[PDB]
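# What the coordinates show
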Amino acid sequence: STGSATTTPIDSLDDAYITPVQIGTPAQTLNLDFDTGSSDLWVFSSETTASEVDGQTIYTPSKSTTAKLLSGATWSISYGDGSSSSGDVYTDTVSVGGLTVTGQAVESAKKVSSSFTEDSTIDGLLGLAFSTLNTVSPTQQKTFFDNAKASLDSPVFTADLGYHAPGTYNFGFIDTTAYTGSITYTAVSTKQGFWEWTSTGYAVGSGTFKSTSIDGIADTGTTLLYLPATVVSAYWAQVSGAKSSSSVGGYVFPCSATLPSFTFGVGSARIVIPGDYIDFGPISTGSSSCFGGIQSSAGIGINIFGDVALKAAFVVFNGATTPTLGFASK
């Protein structure tokens, strides 16, 4: 089997991407944030504290003839940005782009933190990291990909995120029309539960490539590119007037600037992030200070190849017995 679904930016800045997901019988379609940095499929629901719902579409398990309470199971998750959610668990039928999993754990939120409430466009998350990170207790549950994998034509999914435009998540096949040149594959460590890999270096603009190993995670659920402070300083030094602002919470730059590109290495291959992908717009409405899309990972404890990086590539998440990651230009 295969599936193919369009993923759409939630706003004009590509702050996140939503993908429609069918849950239950009859189908209830919710728009979920596909997140290769986590491993829980959770939704706003009829069980979510009413004051914490503000415009989201909810899953109502009592209206699904295939929903079953997973007795005794609870979940609770905290994300790198400080947000969180928790609740109980149903199993139900879940379909993405024509690919159907029966008996998928659907984690129903009883509580969500303010940032989730405040984002009316995101009805929940669909985790695509390794199932070892799944938070369901006392019986850990599998991701949608893990459940689907054996049925897929090939044990892979691909992320093709757009810049200020829709893109595609495919399951079970590689669309050879969706990228240019060849796909370069690189080793993955699953030791921390992530799609963790090592970039071979970087360049800023038309500058020379610096060969240096940068361990990090391919994370579709993180907006920005978080890299070591040395790398990030070298990038922003090429932008007149750019500075790190403790009050804003990262590097800012004059909105009048033209940003240089940023290149990262995948083996001997190179992925070029155009400068415009690194512009996240005014820090506040009407400001001429703009927020940067490349930020320091210092104090995160891990480097994160988030959407800023991934949307410059066609990315293969290869879930073979020994997982790997592939990157192609597009």
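Going by the PDB entry, the protein carries the name endothiapepsin and comes from Cryphonectria parasitica. Listed in the archive, the entry goes by the title "Automated refinement of diffraction data obtained from an endothiapepsin crystal treated with fragment 325". Here the protein is described in UniProt, under the heading Sequence similarities, as follows: "Belongs to the peptidase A1 family."

### Observations regarding the packing of aromatic side chains
A full pass over the atoms with the stated rule returns 26 aromatic pairs. Seen from their ring centres, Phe 144 and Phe 171 are 5.6 Å apart, and the 85° between their planes marks the pair as edge-to-face. Of this pair, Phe 144 sits in helix α2 (residues 144-148) while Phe 171 is found in strand β10 (residues 167-171), placing the two residues 27 residues apart along the sequence. Relative to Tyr 277, the ring of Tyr 163 has its centre 4.3 Å away and its plane inclined at 15°; by these criteria the two rings are stacked. A residue pair is termed long-range when its members are at least 10 positions apart, and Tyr 163 in the loop between β9 (156-160) and β10 and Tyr 277 in the loop between β18 (269-273) and β19 (279-282) qualify at 114 residues.

### Re the pattern of salt bridges
Scanning all chains against the criterion turns up two salt bridges. With a closest N to O distance of 2.8 Å, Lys 311 and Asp 14 form a salt bridge. Of this pair, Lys 311 sits in the loop between α4 (307-310) and β23 (314-318) while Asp 14 sits in the loop between β1 (3-9) and β2 (17-23), and the two are 297 residues apart along the sequence. Given a relative accessible area of 0%, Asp 14 falls into the buried group.

### Let's talk about the state of the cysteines
Think of a disulfide as a covalent bridge from one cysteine sulfur atom to another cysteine sulfur atom. One pass over the structure, following the stated rule, counts one disulfide. A disulfide bridge connects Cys 255 with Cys 290, and the sulfur atoms are separated by 2.0 Å. Measuring the twist about the S-S bond at about 110°, one finds the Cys 255-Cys 290 disulfide to be right-handed. Of this pair, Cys 255 sits in the loop between β16 (250-254) and β17 (262-266) while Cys 290 is found in strand β20 (residues 289-292), placing the two residues 35 residues apart along the sequence. Judged by relative accessible area, which is 3%, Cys 290 ranks as buried.

### Observations regarding the sheet that holds β18
Pairing is mixed in the open sheet, where seven strands are placed in the order β18-β17-β12-β13-β22-β14-β21. Every other strand in the sheet has two partners, leaving β18 and β21 (294-296) as the edge strands with one partner each. Within this sheet the neighbouring strands show an average axis-to-axis angle of 45°, counted without direction. Bridge analysis of strand β14 (residues 225-227) against strand β22 (residues 303-305) gives two bridges, and the strand direction is antiparallel. Opposite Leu 225, over in β22, you have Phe 305 as the bridge partner.

### Quick notes on the UniProt feature "disulfide bond" in the protein
Sulfur atoms of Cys 255 and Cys 290 sit 2.0 Å from each other, so the disulfide annotated by UniProt is realized in this structure. The class of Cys 255 is partly exposed, set by a relative accessible area of 29%.

### Considering the environment of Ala 165
Looking at the element boundaries, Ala 165 is found in the loop between β9 and β10. By relative accessible area, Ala 165 is classed as partly exposed at 26%. Considered as a pair, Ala 165 and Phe 145 are 20 residues apart in the sequence and their alpha carbons are 25 Å apart. Among residues more than four places away in sequence, those in contact with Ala 165 are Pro 9, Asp 14 and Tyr 17.

### Some points on the domain arrangement of the protein
Here the protein is described as being made up of domain 1 (5-174) and domain 2 (175-330). Relative placement of domain 1 and domain 2: their C-alpha centres are 25 Å apart. Across the boundary between the two partners, domain 1 contributes 30 residues, which contact 33 residues of domain 2. For the side of domain 1 that touches domain 2, the leading source of residues is β9, giving five residues. Residues of the side of domain 1 that touches domain 2, tallied by class, amount to 18 nonpolar, six polar and six charged.

### Brief notes about the sheet that holds β19
On the basis of which strands lie adjacent, the open sheet formed by four strands has the order β15-β16-β20-β19 and antiparallel pairing. Either end of the sheet is taken by a strand with one partner, and the two such strands are β15 (243-245) and β19. Pairs of neighbouring strands in the sheet enclose a mean axial angle of 40°, with direction left out of account. When β15 meets β16, the two strands line up antiparallel, connected through three bridges. Bridge pairing links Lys 243 to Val 252 in β16.

### Considerations on the environment of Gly 326
Along the chain, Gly 326 falls in strand β24 (residues 324-328). Relative accessible area serves as the criterion here: at 0%, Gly 326 is assigned to the buried category. Put simply, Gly 326 and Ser 182 are 144 residues apart on the chain and 9.5 Å apart in space, counted from C-alpha to C-alpha. Residues within four places of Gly 326 in sequence aside, it is in contact with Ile 183, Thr 184, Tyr 185, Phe 314, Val 315 and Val 316.

### With respect to the UniProt feature "active site" in the protein
Mapped onto this numbering, the UniProt entry annotates "active site" at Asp 35 and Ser 199. In the annotated set above, the residues contributing to the lining of the largest pocket are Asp 35. As for its position among the elements, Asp 35 is in strand β3 (residues 28-35). Ignoring sequence-local partners within four residues, the contact set of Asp 35 consists of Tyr 79, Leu 125, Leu 126, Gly 127, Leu 128, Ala 129, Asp 219, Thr 220 and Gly 221. By the element assignment, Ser 199 lies in strand β12 (residues 196-204). On the accessibility criterion, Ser 199 (1% relative accessible area) is buried. Excluding anything up to four places from it in sequence, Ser 199 contacts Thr 212, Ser 213, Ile 214, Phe 264, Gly 265 and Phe 305.

Conventions we followed
- Residues numbered from 1 in each chain as written, not as in the entry; some residues may be left out.
- Heavy atoms only, no water.
- Residues with missing side-chain atoms left out of burial classes, pairs and counts.
- UniProt positions renumbered as here; feature names shortened; annotations may be inferred.
- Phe/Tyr/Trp six-rings, centres within 6.5 Å; stacked < 30°, edge-to-face > 60°.
- Helix = DSSP H or I, 4+ residues; strand = E, 2+ residues; numbered from the N terminus.
- Salt bridge = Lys/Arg side-chain N within 4 Å of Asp/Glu carboxyl O.
- Buried < 20%, exposed > 50% of the residue type's maximum accessible area, 1.4 Å probe, protein only.
- Disulfide = S-S within 2.5 Å.
- Pairing = 2+ DSSP bridges.
- Axes fitted to C-alpha atoms, helices over the stretch in contact; angles between N-to-C directions.
- Contact = heavy atoms within 4.5 Å.
- Domains from an automatic or database assignment.
- Nonpolar A, V, L, I, M, F, W, Y, C, P; charged D, E, K, R; others polar.
- 1 Å grid on protein atoms, 1.4 Å probe; cavity = no way out; pocket = protein on both sides within 12 Å on 5 of 7 lines; lining within 4 Å.

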